[PDB]
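Notes follow once the structure below has been shown.
Values quoted throughout were computed directly from the atomic coordinates according to the rules given, and no laboratory measurement underlies them. All Cβ positions, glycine included, derive from the backbone under ideal geometry; neighbour counts span all protein chains shown.
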Amino acid sequence: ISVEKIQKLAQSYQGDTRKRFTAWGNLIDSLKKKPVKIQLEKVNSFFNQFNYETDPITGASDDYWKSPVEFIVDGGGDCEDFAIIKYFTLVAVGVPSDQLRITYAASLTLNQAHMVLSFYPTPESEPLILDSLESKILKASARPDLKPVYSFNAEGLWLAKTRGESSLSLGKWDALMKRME
Ligand SMILES: [Ca+2]
């Protein structure tokens, strides 16, 4: 997306919302051309300042992927929603989309399903985990509390243990894209 788009978007709001729009946009403009490690840490940290919404029913995620704009307006979301805006923010600052996957994992600690953002330095690499419930950005192997089940992005779906090529984009991803237009 564009930081000029967000500038536009910021005008159509006020209060603790238009400045979250400008804070968000400044960030993207700030992180352009910056080292990946800086980008990952600052984006992760920026959004982990947002509100963590727990679904009053499931006690976790609901069934609705919030668009980033919605995440900004609502001032937050659940673990899937966190992974989503981090994904798009990082793509905006120039991280190649194919280095980023939204990951559905079994959590041993929370004893339930938990979504994270996985960043892959190189294609064969074990990913770094950008969690909404952990400030540390750690390698997969340093997150034994997490056992991935599947991952996805704009380019496919990977069943855990799938190396390289997509296991197949989800229809649910498509619908989110359409919602973001
Ligand atoms: Ca959600």
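Things to note:
- Gain upon complete extension [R18, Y52; 0.36 nm per residue less C-alpha separation]: 10.2 nm
- 222 nm mean residue ellipticity, helices alone, for the chain (DSSP H n ≥ 4; -39,500 (n - 2.57); rounded to 500): -11000 deg cm²/dmol
- Among the GluC sites (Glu not before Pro) found in segment 33-130, those both in a DSSP coil and sparsely packed, with 11 or fewer other Cβ atoms within 10 Å of their Cβ, are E124.
- Neighbour cut-off at most 16 other Cβ (10 Å), DSSP loop, trypsin sites (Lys or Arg not before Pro), segment 1-85: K32, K33
- Label-to-label distance, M180 versus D63, with points set 7 angstrom from Cα along the beta-carbon direction: 2.3 nm.
- For a straight C-alpha distance cut-off of 17 angstrom, the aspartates and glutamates reachable from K147 (same-chain residues fewer than eight places away being disregarded) are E80, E126, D131, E134.
- Taking only alpha carbon atoms, the chain gives an Rg to Rh ratio of 0.94, where Rh is the Kirkwood radius.
- Eligible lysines near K34 by straight Cα distance, threshold 18 Å, same-chain separation 8 or greater: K42, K86
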